[PDB]
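Colleague: Let me see the structure of the following:
(3 chains)
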Amino acid sequence: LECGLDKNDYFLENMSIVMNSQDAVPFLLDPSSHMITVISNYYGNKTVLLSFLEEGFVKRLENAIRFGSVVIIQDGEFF
Amino acid sequence: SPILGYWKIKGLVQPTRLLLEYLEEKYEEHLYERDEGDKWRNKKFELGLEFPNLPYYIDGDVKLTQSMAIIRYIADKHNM
Amino acid sequence: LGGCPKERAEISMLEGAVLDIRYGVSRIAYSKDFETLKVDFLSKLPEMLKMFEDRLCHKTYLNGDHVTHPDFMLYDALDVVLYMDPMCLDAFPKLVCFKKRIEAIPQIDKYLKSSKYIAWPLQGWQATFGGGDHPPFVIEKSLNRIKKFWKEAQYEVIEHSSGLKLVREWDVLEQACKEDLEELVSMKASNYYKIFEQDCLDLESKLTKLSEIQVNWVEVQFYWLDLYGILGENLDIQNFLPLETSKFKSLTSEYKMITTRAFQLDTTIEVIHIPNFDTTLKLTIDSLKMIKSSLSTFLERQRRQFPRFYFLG
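Modeller: Residues are numbered from 1 along each chain as shown, chains lettered A, B, ... in the order given. Shown next is the structure:
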């Protein structure tokens, strides 16, 4: 909540679902990209933002995987 | 005549060459001179050796490069 | 050891050729340059591995169908060289086999997985290669690829009709710089980079300076080449613009010396070490913008006098 998650019971359950289980990659759908900042506040410096549309996507994620970066991919429709 | 390929130098053949000369056993050289880098690169490939290197010796079905493999061979062929 | 003098000497010949590889390790390991000597070792490694793939043709193990010592030698080497390269064997499948074969001996395999077995280092702590407490991390493998790339930097150089020689195909090095700079930024997220990290900060300062001069230089190259079409060639145009052409030619002298001085260095990275390069090019591009701006004022003041010229372009 401190990061800026909405008070709604629905949005609490949602964030629980996202975090608590990670044995699988979570897919976050939200029109208001307020959620892209929430995860950023949680991981801070470790947070590296990418997008399936940007050019250097292919290599930038490989850098992210090698040195433990927390990655969020901005355009999941295109994959 | 049985053949040792190497630089025109003592190089990696030197003790082996002596042993041979000790047993007065006959052989000849394929020597790459001081300004003769080409002569080596000319034979570098055609040596039929289990390891490429110089020197390489080839005589009585004894095909060798690698100073150890070579020297040991001559040595063993004489129980020495 | 073998069943006779012959099979015992065969096993020893394998011993020799195996030491020509176990020793090959130690010859490049003590050097302070080792990370750059590895390059020439790993290039030769193929030709060496091949010979073992052959030896394994029509044989079950090195030195015969009854398994002998050289197979356990090569297995130690392999164990060590797989750390240096994980892909060293993939190009020699018959050796990758011979290796798995040894490791397949039930007792051996059970041992490697046992608790008394030491997973790493390779050598005495003091050695450059395979020393210390803990196996790599990849941080090393990547930083070494970066340094390698920067001591191989090449610019297509092509002289045009007149004096000066031009740099073709900017983007490739320009891209590489960007990518390698971003790689060092992602290295900060890693836990294992802390004192290993200081070095990267030095390489970061070197490359951030190289992109600084990369940016200005492409601009000068473009803006000069454009303006050379316009003033460098004709008599009539330079007659109309006197202070402009006298001042273009003065910068043309400087940049001619700056290029030929920089190109003969023969290392693009070496370019950051040249005196006053960022300052030089920044000032040249500013002056090149003043000439393009002065032409722009002439053309529009020409156009305003006979409006038709507005139609022309």
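Colleague: now the residue nearest the centre of chain A: how far from chain B?
Modeller: Taking CA atoms, centre = their mean as the criterion, residue A:72 is the residue nearest the geometric centre of chain A, at 3.7 Å. Distance, residue A:72 to chain B, using CB to the nearest CB, to the nearest Å: 54 Å. Any C-beta I mention is one placed from the backbone N, CA and C, and that applies to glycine too.
Colleague: Flag every buried residue along the helix or strand hosting residue A:15.
Modeller: In the assignment (DSSP states H and E), residue A:15 maps to helix A:9-20. For helix A:9-20, the neighbour count (16 or more other CB atoms under 10 Å in any protein chain shown) marks A:14, A:15 as buried.
Colleague: Give me the helices and strands touching it, please.
Modeller: Judged by 3 or more CB pairs under 8 Å, 6 or more residues apart in numbering or on different chains; DSSP states H and E, helix A:9-20 is in contact with no other helix or strand.
Colleague: go with 10 Å
Modeller: helix A:35-43 (3 or more CB pairs under 10 Å, 6 or more residues apart in numbering or on different chains; DSSP states H and E).
Colleague: Quick one: name whatever helix or strand follows the helix it packs on.
Modeller: strand A:47-50.
Colleague: what does that following strand contact?
Modeller: A:36-37, A:39-41, A:56-57, A:60-61, A:63-64, A:67, A:69-75, C:185-186, C:189 (CB atoms under 10 Å, 6 or more residues apart in numbering or on different chains).
Colleague: For it, list every residue counted as buried.
Modeller: Buried, per 16+ other CB under 10 Å, within strand A:47-50: A:47, A:48, A:50.
Colleague: Each with direction, which strands does that strand pair with?
Modeller: strand A:70-73 (parallel) (DSSP bridges).
Colleague: Output the strand it pairs with as CSV, nothing but the C-alphas.
Modeller: Written as CSV, here are the backbone C-alpha positions of strand A:70-73 (Å, rounded to 0.1, in the frame of the first residue of the first chain):
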residue,chain,number,x,y,z
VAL,A,70,14.3,-7.4,-11.4
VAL,A,71,12.7,-6.9,-14.9
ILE,A,72,9.3,-5.6,-16.0
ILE,A,73,8.3,-5.8,-19.6
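Colleague: mind listing what's buried in that strand?
Modeller: A:70, A:72, A:73.
Colleague: Just put those in a markdown table and tack on distance to residue C:58.
Modeller: Shown next, in a markdown table, are those (distance: CB to CB, whole Å):
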| residue | distance to residue C:58 |
| --- | --- |
| A:70 | 54 |
| A:72 | 57 |
| A:73 | 53 |
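Colleague: Identify the residue spatially nearest to residue A:65, adjacent ones excluded.
Modeller: residue A:71 (8.0 Å; CB to CB, 6 or more residues apart in numbering or on different chains).
Colleague: For the one you found, name its beta-bridge partners.
Modeller: Counting by DSSP bridges, residue A:71 is bridged to residue A:48.
Colleague: Wait, it touches residue A:64, no?
Modeller: Yes. Between residue A:71 and residue A:64 there is a contact under CB atoms under 10 Å: 4.6 Å.
Colleague: shared neighbours of these two, which are they?
Modeller: By CB under 10 Å, 6+ apart, residue A:71 and residue A:64 have these common neighbours: A:46, A:48, A:50.
Colleague: list the contacts for the residue nearest to residue A:65?
Modeller: By CB under 10 Å, 6+ apart, the contact set of residue A:71 is A:43, A:46, A:47, A:48, A:49, A:50, A:60, A:61, A:63, A:64, A:65.
Colleague: ranges for the strands of the stretch 51-200 of chain C?
Modeller: C:156-159, C:165-168 (DSSP state E, counting those that start in this stretch).
Colleague: What of chain B?
Modeller: Counting by DSSP state E, the segments of chain B that form strands are B:3-7, B:28-32, B:56-58, B:63-65.
Colleague: Out of those, indicate the one that is most buried.
Modeller: Stretch with highest mean neighbour count among those: strand B:56-58 (a mean of 24; mean count of other CB atoms under 10 Å in any protein chain shown).
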